[PDB]
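Taken together, the values in this text are just the output of simple stated rules run on the coordinates, not laboratory data. Here the Cβ positions follow ideal geometry from the backbone for every residue, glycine too, while neighbour counts run over all protein chains shown.
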């Protein structure tokens, strides 16, 4: 079993059928397992299918750049709970979706999900990244240290050392010949 | 719908060696190259090299990949416990030379 | 089926795969050709070891 | 390879047709039925001088039919129009036999070059060991 | 949620050493499976010769489909006849484009069947080209055999070119040897 | 003697005898291997795959399926359902 | 139609690509031919070279020329072409 962070998720079948642009990242992420099936985003999506403060300027550029997200957040301010908004975009292919709960207003952020090359990734926290790197480093130095120790030989007549595995007048002849 | 025949499944798997992503997905599991049955299957599959079995192949670079990996097999000896020595570093060769082979055969496509 | 076909295998593209070891060794000039010769002859091989009668009775085997 | 250029010429016909239709749909003007009716212009409309409009119409038309002469000449130059598949096999088998024969002929040609090769190296080795015995 | 790639087949489990040694004995003695020794003999071609692979049907010997078999209009059906058919087809294509311009320059609503006519002309032209393609491929193989003939014979002419350079340089050395005599 | 030396070394630049003898052997081996109808049928099988399509500008189309099976080709292919129906493939009498 | 790759399949069972890994070999007839033409090379190299009386004893053999002085030394030398020493 692999938990939620170490998996890259994509639906190229959904890319073949619909295609991914700056507009349809929401339902593409809804098809991803990262999406909450009890979120406020999907209930307002079912309801709609049937300047502004308390936001950072990074989302404000998105709202003033794309309309469907600004009536998305205009429907989202009415309700409360976990939501899904796109903080930054880079056409042709880069997106990010943040988990976000809103209370009345007060907003905290949560886990993000960056999209690269129409492939949904869970944004990892850096502690387990450097922890995995240190797993690799520590195991590798463990292997080096164990593989080194078998070559080490100690004698009492000398110091501790390594296991030993099981003409000089020609330069003067050269310099005298010339 | 009849069952997929042994010919069809073996042809689709032998054809899948043209993509390097499939083989670098397969070679990262230790139990796959550790298994001597998979090694024998690798020496089973050269019957696609001879006609008329080669006629149905669409991308012959899979046959090239099959012929390439077999040169790493005579240097490998299987023991009584099943540890296949010599296969610890061949997948590393695959990730080091991965883009090289497929870019080379893409430029041969052009 | 039909009839067979024999092709010049070395040249298929107009203006290689068949490794005939003669045109891929005798074409190059000797000054850089000798190094790969004594590299492929053996490890630690020297120019002093090459001989007439050695190759003359090596082809006789 | 000729059929490939033919297909390129065919969809070049189609691109020329849609390009001429696009040009005549977008860059046409507004024609006076009478002189007393008002002639208005739009800043969102690509108005062109009518004389160079007609000149561009003429050059579009002439490039269409010069590409048409290219198509006709290329189809006149299609490789093999009078031969059948049986004629193709009757060419292939004699080409097979001729290739086997010219491999043989190249074998005796290389044999003659080898005649000359050991001739010239025998003269060279006789010359050099003669002068080596002379000068020693 | 499953893996990205399918697993290796269950047929790999039968490749055991007992099966390897019993394979020549079984040889001395679409498949109907009877025992484990059937999985070491490679399976023959399907009798239907149309096998499913990668969501499509291939064939052991592909034949070019007709327009009627595919469900379209084959206007015209040893290739001189097809060459003249192609010539009439291209002339009809040019005339039908002129007719399409005429239709759009009186009534831009009746063009729909004219576009269908242009479609039929184009698909007949393309299918005629693909019918000529095995003949064109045979001509390409003829060209390749002629090109290898030409390269062998060009090797011949360069052989006697270098040889004649040897002969007239030999006449030169004979002349200068007689001069030095 | 030196002009005979350049004559000898320019004549040395030609292919030798056993090279074309081995070439003849390979030509007869290809006589053994290749059949004309088989070659043309197999070559026109690969006609739409092993080269770039000489009709597009290839700035919007790539070799996802032209040289190797694509990811989505394996997804929609019958091998994908062969993976799910592998239990029936394990059914051996 | 793509005749070259079908020819590669019907020849080897694989297309032609450069091989950085095993999937060279020097002929012994070729190396003896090059040995004897290099012996001819070093034999005609000393045609333009004057030879001293202490070193007129030489043996053009084994791809070399054996410049020898009796009971003193024997040095064997070779060249790559004519214009280089």
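Normalised by 2.2 N^0.38 Å, with N the number of residues, the alpha-carbon radius of gyration of the stretch E:110-175 equals 2.50. Binning the C-alpha pair distances of chain D at 10 Å intervals from 0 yields a P(r) profile of 9, 16, 14, 12, 11, 10, 9, 8, 6, 3, 1, 1 %, listed from the shortest bin outward. The simple spin-label model puts a point 7 Å past each Cα toward its Cβ; for residue D:108 and residue B:34 those points are separated by 6.8 nm.
For chain D, what does the relative contact order come out to in percent, with C-alpha contacts under 8 Å and a separation of six or more? The value is 31 percent.
Modelled label positions at residue D:85 and residue E:66, each set 7 Å beyond Cα in the direction of Cβ, lie 1.5 nm from each other. Annotation: for a label point projected 7 angstrom from Cα along Cα→Cβ of residue F:12, residues of the stretch D:86-126 with backbone N closer than 16 Å are D:117-126. Note on E:147-157: average number of Cβ atoms from other chains within 10 Å of each residue's Cβ is 5. Applying 1/(1 + (r/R0)^6) with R0 = 22 Å to the Cβ-Cβ distance of residue B:47 and residue E:50 gives a FRET efficiency near 0.50. Projecting label points 7 angstrom from Cα along Cα→Cβ for residue E:27 and residue A:65 puts them 6.7 nm apart. With the gyration tensor restricted to C-alpha atoms of chain C, the semi-axes of the equivalent ellipsoid amount to 34, 17, 10 Å, longest first. Centre-to-centre separation between the Cα atoms of the stretch A:1-69 and those of the stretch G:48-82: 86 Å.
Remark: mean inter-chain Cβ contacts per residue of E:40-48 equal 3, using a 10 Å Cβ-Cβ cutoff to other protein chain atoms. Highest-first packing order for the peptide set D:30-36, F:69-75 is F:69-75, D:30-36, based on the mean count of other beta carbon atoms within 10 Å.
Taking the convex hull of the alpha carbon positions in the stretch E:1-59 and averaging its projected area over all directions gives 6.2 nm².
A protection proxy built from the mean count of other Cβ atoms within 10 Å ranks the segments E:129-141, E:43-55, most packed first, as E:129-141, E:43-55. To the nearest 10 degrees, how steeply does helix F:36-45 sit against the main Cα axis of chain F, on a 0 to 90 scale? Helix F:36-45 sits roughly 50 degrees off the main axis of chain F. Taken as Cα centroids, the stretch A:145-168 and the stretch B:44-58 sit 56 Å apart, rounded to the nearest whole angstrom. The stretch E:64-128 and the stretch F:55-82 have Cα centres separated by 32 Å. Take every Cα pair under 8 Å whose residues are at least 6 apart in sequence, average their separation, divide by the length of the stretch B:24-110, and the relative contact order is 34 percent. Report the calculated FRET efficiency for residue G:49 and residue F:24 (r = Cβ-Cβ distance, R0 = 41 Å), to the nearest 0.05. Using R0 = 41 Å, I get an efficiency of 0.45.
Shielding value for B:17-26 is 3, the average number of Cβ atoms from other chains within 10 Å of each residue's Cβ.
Legend: P(r) of the protein assembly as shown from all alpha carbon pair distances, 10 Å bins from 0, whole percents, reading 2, 8, 12, 15, 16, 16, 13, 9, 5, 3, 1, 0, 0. In angstrom, the C-alpha Rg and Dmax of chain G are 22.7, 74. Taking the Cα atoms only, what angle lies between the long axis of helix F:17-33 and the longest principal axis of chain F, rounded to 10 degrees? Taking the Cα atoms of chain F, the angle to F:17-33 is about 30 degrees. Treating r as the C-beta distance of residue G:23 and residue C:11 and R0 as 25 Å, the FRET efficiency rounds to 0.70. Assuming a viscosity of 1.002 mPa s and a temperature of 20 °C, what translational diffusion coefficient in µm² per second does Stokes-Einstein assign to the stretch A:20-178, Rh being the Kirkwood radius over Cα pairs? Diffusion coefficient, whole number: 102 µm²/s.
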